[PDB]
Amino acid sequence: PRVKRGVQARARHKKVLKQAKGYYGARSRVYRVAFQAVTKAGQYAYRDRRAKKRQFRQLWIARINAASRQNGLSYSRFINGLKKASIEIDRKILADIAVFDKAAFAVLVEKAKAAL
Amino acid sequence: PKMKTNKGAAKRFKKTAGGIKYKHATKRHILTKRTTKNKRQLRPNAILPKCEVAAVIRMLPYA
Amino acid sequence: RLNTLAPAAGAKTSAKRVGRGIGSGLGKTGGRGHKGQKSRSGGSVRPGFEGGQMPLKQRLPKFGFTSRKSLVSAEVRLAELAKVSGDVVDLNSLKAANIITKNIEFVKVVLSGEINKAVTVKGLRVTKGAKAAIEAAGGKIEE
Amino acid sequence: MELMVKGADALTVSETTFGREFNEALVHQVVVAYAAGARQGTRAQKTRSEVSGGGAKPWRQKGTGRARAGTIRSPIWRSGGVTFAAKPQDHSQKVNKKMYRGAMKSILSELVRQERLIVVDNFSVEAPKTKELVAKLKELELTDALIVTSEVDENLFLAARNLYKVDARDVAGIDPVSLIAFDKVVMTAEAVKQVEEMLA
RNA sequence: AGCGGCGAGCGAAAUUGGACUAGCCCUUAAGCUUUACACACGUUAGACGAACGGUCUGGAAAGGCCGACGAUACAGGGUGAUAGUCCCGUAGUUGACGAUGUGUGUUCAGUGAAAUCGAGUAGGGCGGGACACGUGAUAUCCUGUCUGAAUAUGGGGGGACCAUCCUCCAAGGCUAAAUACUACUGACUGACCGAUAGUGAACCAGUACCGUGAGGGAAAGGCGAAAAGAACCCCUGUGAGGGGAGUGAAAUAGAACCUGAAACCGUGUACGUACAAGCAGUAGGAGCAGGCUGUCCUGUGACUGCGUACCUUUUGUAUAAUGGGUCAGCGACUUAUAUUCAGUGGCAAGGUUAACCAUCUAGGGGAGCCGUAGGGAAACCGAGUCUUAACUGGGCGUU
RNA sequence: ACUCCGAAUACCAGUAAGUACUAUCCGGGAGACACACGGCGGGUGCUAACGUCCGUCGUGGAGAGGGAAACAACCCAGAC
RNA sequence: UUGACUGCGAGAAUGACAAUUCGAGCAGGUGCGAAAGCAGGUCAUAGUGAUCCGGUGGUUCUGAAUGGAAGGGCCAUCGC
């Protein structure tokens with residue numbers, strides 16, 4: 001039997017085109033360009049799911065360093081202090097505390113200083 | 001169609017239970033210079049090495 | 001029940017379909033590799049061709065001949081003599097039993113299996129071992 | 001085995017014929033063969049060679065800026081050949097004689113166990129009248145049934161034609177698919193004994 | 001088996017299973033053709049041809065619900081949707097004046113026919129060709145050339161050749177069936193196509209068109225159930241086109257007409273965007289706008305990090321190497337046959353039938369093939385065999 | 001392209017522990033037979049070449065991630 | 001003096017394969033040696049050429065009615 005490809009052929013093309021909504025120009029209109037676009041978006045999305053974890057930790061460390069140095073200790077010394085004090089609060093939390101509860105951060109800094 | 005036998009292969013390679021049997025080369029002419037030992041040891045027919053078989057079998061589809 | 005029948009597990013296997021994308025694992029080249037004669041349509045190499053070195057089917061000598069008798073001769077197992085209907089095992093009775101084809105002229109009976117009946121083998125050759133077994137089962141070997 | 005004939009006493013039958021285990025792989029193969037047996041295989045497409053025209057090279061190999069063509073009836077080209085054009089096929093499959101009989105026995109056995117084989121003493125229709133046969137069937141409380149007799153009377157053949165899902169078949173004419181296809185199989189006791197000999 | 005730069009390849013017969021069968025004459029046959037006379041026998045226009053209401057949905061009922069009814073007829077088609085019962089049919093039953101065809105006799109007039117049993121013949125030499133057979137040790141056949149018997153006490157063949165034996169009687173003829181094919185006619189069938197497919201051609205197609213010509217060779221189907229194809233009015237050029245009105249179930253079914261995708265082009269709305277540098281996204285993220293009710297959803301996306309398409313081909317491509325303007329459609333590991341390996345099933349030291357027959361997927365049909373023994377070039381021997389004078393042996397096999 | 005001498009390594013074999021589905025054999029299916037750079041030992045070249053030819057090990061090829069500004073082949077390290 | 005032997009050959013070396021190499025020992029027949037012994041060419045490692053076709057000798061295996069024969073085979077050997 002002879003198979004016509006139309007109906008399924010369109011469904012594939014449409015799937016990709018729907019994933020390419022919002023891209024500029026051909027990249028949202030034309031299957032050949034959109035496909036390439038939706039692939040590279042997936043590639044970037046894979047790479048960035050990893051690199052998100054790096055970017056966020058850099059941000060926290062930068063913020064903790066700011067707060068520690070306002071409380072008279074370097075980031076490097078503060079982490080050592082906390083380690084020596086057996087305080088296992090993550091950088092994500094520390095950095096949250098540095099913004100939202102400055103006093104608590106200072107306590108932790110004072111604890112850290114004592115351990116050093 | 002039916003596979004044809006390579007009659008060249010057929011006339012040189014005979015299937016036995018012990019594998020494809022063949023006549024050793026270098027016992028046709030220019031024998032004076034050869035040793036009787038060498039000539040004697042070539043006289044018995046031999047069985048083909050494993051590497052030589054696959055081809056022969058493809059040339060001898062009915063053997 | 002026509003909607004309930006199904007093949008045995010292992011019985012049916014989907015054929016290999018080359019050139020239907022990456023996921024199949026047979027896309028693009030279709031398992032032919034990259035370039036060369038063997039990748040080309042109609043690009044097979046004759047079995048026995050060895051790149052132009054004198055092949056094995058020519059560097060080795062021809063040997064032997066075919067006897068004509070070989071072509072009209074047939075070994076018969078002693079066990080097959082069972083299939084014969086009647087006491088007399090002859091060329092006609094062998095042919096009737098389809099033990100030998102109708103073009104057979106010369107038969108040797110060989111010691112393979114056992115004879116359980118008394119048969120008189122006329123006209124055929126028998127092995128010492130088969131003769132013994134025939135004679136042991138109360139047969140004769142006529143000349 | 002014993003089969004409960006209606007209007008008579010139970011019929012002794014071979015356990016090999018009617019008590020065999022149901023080999024689904026055997027039955028599936030024979031059923032599939034049968035269906036392939038039905039195929040006609042009458043089709044064809046034209047290849048590049050068989051389509052009209054296409055002798056002349058469309059344009060010169062080099063210079064035009066176009067993709068090289070040799071024939072307007074290339075399978076690449078609209079209106080061109082089918083790369084691998086069909087020609088009429090024989091979809092027939094060999095079934096071994098034992099494999100056919102084995103399947104047939106398996107099927108009859110499974111019919112028995114499923115209470116689809118209905119052994120009647122006799123099954124005759126007096127006139128060639130559909131209306132009569134429908135009645136007879138209603139006595140047996142079956143609408144969809146294969147009716148296997150030893151020989152098919154004209155009357156029963158004629159009475160069954162216009163009925164759908166009612167076929168009148170002689171023991172000779174029973175097939176692996178029909179035994180499966182019809183909801184019940186009404187056999188006359190004579191036909192049972194005939195089927196037994198037929199299937200070994 | 002053989003043939004074969006013994007390469008590539010080519011490829012029998014004996015014998016055996018079938019289908020169909022038939023032989024008859026040169027002292028003149030069988031058959032064939034004609035001719036009429038009969039008779040049969042069929043075809044060729046055709047005819048009749050069963051059985052359904054109500055209700056519901058709907059533009060329409062063939063659909064649904066309810067209850068009936070025919071069926072030797074539920075093939076198939078049509079009818080405002082999907083019909084056994086509305087229609088045409090179908091099953092079945094009938095019909096040919098005349099005209100044809102067929103087969104029998106019974107005739108006619110021929111033909112067969114070469115007359116009279118085979119001489120420029122068989123055979124030979126030279127050159128070729130055909131036979132599976134390539135000139136080979138090459139039988140047989142045909143014969144361009146040159147020759148040339150015997151003549152049943154004879155002659156041909158039996159694969160160089162000779163003997164013996166067997167078998168046949170060339171140099172004259174005729175002969176059905178089983179076999180091949182289908183442009184044409186009819187019927188029927190399809191795990192064949194369904195408008196880029198199927199014919200080149202569904203349509204006024206071998207047309208248009210191209211070519212001096214031979215020749216090449218398209219594209220192009222679909223309003224609706226019915227034209228009911230839009231009276232009349234209005235703008236306009238007594239236009240084109242449109243808006244009303246009307247038709248229709250539907251008029252974004254209005255003839256540029258079913259559905260009506262994508263590329264591509266517009267109008268509107270929200271958000272962004274005129275200090276900003278690159279594969280245009282991605283991870284994050286403010287603000288704004290819609291919803292829903294702000295650790296929601298949707299759209300947009302200032303700003304930050306990261307980030308040189310795809311394919312191909314390559315040691316290696318962002319590559320300034322190849323290919324692609326885009327979309328839609330189509331476009332590439334098939335089919336047959338045989339060999340082998342694997343899985344699966346059947347049966348099992350057995351397994352299996354082929355053509356063909358058949359009341360035809362059954363069943364017959366055993367020819368054959370594979371397995372059941374190997375060794376040896378082979379004769380041949382054989383659970384052994386081969387080697388050799390023989391193996392202390394050794395090769396292969398046995399299990 | 002000399003040797004009165006002469007290692008390290010490597011290889012061959014044996015014995016032995018522990019770790020490891022290893023080694024081997026017989027079949028079905030391939031692909032490949034343009035390699036690149038880097039280290040080490042060399043020939044060739046100019047102890048030139050992103051040169052060329054071998055040996056051997058690594059990586060690339062067929063390998064992403066981090067480093068080396070950017071950088072197949074370097075350093076670190078193997079992405080369900 | 002003819003061991004530059006004839007039949008074989010445990011067991012190895014070495015090769016993609018074709019092929020190439022070494023070999024104790026066994027049988028037969030032999031030479032040298034008083035004898036143990038040694039001898040299947042040469043101190044060793046180059047001195048070579050597959051297959052087909054064909055020639056010569058032997059064998060008498062095959063050989064298409066039979067008996068022969070031709071022609072095949074097998075053994076030895078020749079022709080690049």
Side-chain angles (χ1 to χ4, degrees), chain B, chain C residues 38 44-81 89 91 94-95 99-115 121 123-136 141 143:
Chain B
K2 302 213 291 196
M3 284 197 62
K4 285 219 182 172
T5 297
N6 205 117
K7 302 315 288 278
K11 291 170 193 189
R12 286 179 174 101
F13 302 127
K14 320 292 185 174
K15 192 77 196 70
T16 77
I20 305 280
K21 176 175 64 173
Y22 80 99
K23 184 195 200 76
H24 283 286
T26 75
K27 275 288 303 309
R28 285 309 202 191
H29 71 166
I30 321 166
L31 302 140
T32 290
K33 69 175 62 172
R34 303 280 285 295
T35 55
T36 308
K37 177 184 174 202
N38 172 242
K39 275 140 42 162
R40 139 157 48 63
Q41 295 180 347
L42 288 170
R43 197 179 306 134
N45 294 354
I47 304 288
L48 278 181
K50 187 194 66 51
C51 61
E52 296 310 320
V53 171
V56 166
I57 296 306
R58 293 209 301 131
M59 290 187 296
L60 297 183
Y62 293 96
Chain C
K38 285 198 275 194
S44 62
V45 180
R46 184 211 305 147
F49 184 74
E50 305 183 358
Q53 162 168 293
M54 189 59 58
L56 190 78
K57 60 168 304 320
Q58 262 170 97
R59 75 176 105 115
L60 295 171
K62 283 158 53 191
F63 78 96
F65 74 95
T66 290
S67 73
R68 299 259 290 123
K69 281 193 277 198
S70 57
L71 303 171
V72 286
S73 292
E75 145 198 340
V76 176
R77 280 83 159 177
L78 190 61
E80 291 183 292
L81 262 62
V89 174
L91 215 67
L94 286 180
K95 281 177 186 178
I99 300 163
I100 66 179
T101 56
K102 310 298 163 277
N103 68 350
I104 296 306
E105 295 174 6
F106 314 107
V107 162
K108 187 71 164 288
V109 181
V110 65
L111 185 58
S112 321
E114 305 167 9
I115 187 66
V121 182
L124 318 176
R125 282 195 282 246
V126 302
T127 56
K128 63 180 64 66
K131 179 151 176 292
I134 291 158
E135 294 174 316
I141 291 79
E143 310 90 61

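Within every chain, numbering begins at 1; the chains are lettered A, B, ... in the order of the sequence lines, protein sequences first and strands thereafter. The analysis underlying the following values was restricted to heavy atoms, covering all of them including side chains, and did not include hydrogens, waters or symmetry mates.
- Two residues are said to be in side-chain contact when any heavy atoms from C-beta on lie closer than 4.5 Å; C:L94 and C:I104 fail this criterion.
- By the 6.0 Å contact criterion, NZ on C:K95 is enclosed, its count of non-hydrogen atoms from other residues, nucleotides or ligands being greater than 12.
- Of the possible polar contacts, one joining the C:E80 side chain to the C:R77 backbone as a donor-acceptor pair under 3.5 Å is found.
- Note that the NZ atom of B:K11 and the NZ atom of B:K23 stand 15.5 Å from one another [nearest 0.5 Å].
- Here the shortest heavy-atom pairing between C:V45 and C:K38 reads CG2-CG, 4.3 Å.
- Taking CG of C:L71 as the start and OG1 of C:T66 as the end, the distance is 6.5 Å to the nearest 0.5 Å.
- Remark: the backbone N or O of C:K57 is paired with a side-chain donor or acceptor of B:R12 at under 3.5 angstrom.
- Between B:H24 and B:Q41, every side-chain heavy-atom pair lies at or beyond the 4.5 Å cut-off.
- The distance from atom CD1 of C:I100 to atom CG of C:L124, rounded to the nearest 0.5 Å, is 7.5 Å.
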C:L60/B:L48 under side chain to side chain contact (heavy atoms under 4.5 Å, CB included): CA gap, chis, key distance, verdict: CA-CA 11 Å; C:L60 295 171; B:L48 278 181; 4.2 Å; yes
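- With rounding to the nearest 0.5 angstrom, the CD1 atom of B:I30 is 13.5 Å from the NZ atom of B:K27.
- Annotation for B:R40 and B:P44: closest pair O-CD, 3.4 Å, computed over non-hydrogen atoms.
- Counting only heavy atoms from C-beta outward, the side chains of C:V89 and C:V76 never approach each other to under 4.5 Å.
- C:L91 CG to C:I99 CD1: the interatomic distance, rounded to the nearest 0.5 Å, is 11.0 Å.
- Of all the heavy atoms in B:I20 and B:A63, the pair that sits closest is CD1-O, 4.1 Å.
- Around atom CD of C:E114, no more than 12 heavy atoms belonging to other residues, nucleotides or ligands sit under 6.0 Å away.
- Shown here for C:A79 and C:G113, the closest heavy-atom pair between the two residues is CB-CA, 4.1 Å.
- Atom-to-atom distance recorded for B:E52:CD and B:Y22:OH is 9.0 Å, nearest 0.5 angstrom.
- Looking only at distances, no side-chain donor or acceptor of B:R34 sits under 3.5 Å from a matching main-chain atom of B:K39.
- Within the 4.5 Å cutoff, the side chain of C:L78 has no heavy atoms near those of the C:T127 side chain.
- Figure legend: cation-pi geometry between B:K21 and C:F63 absent, as NZ or CZ is not positioned both under 6.0 Å from the six-membered ring centre and within 45° of its axis.
- Pairing each heavy atom of B:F13 with each of B:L60, the nearest pair is O-CD1, 3.7 Å.
- Across all non-hydrogen atoms, the minimal contact from C:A130 to C:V110 is CB-C, 4.0 Å.
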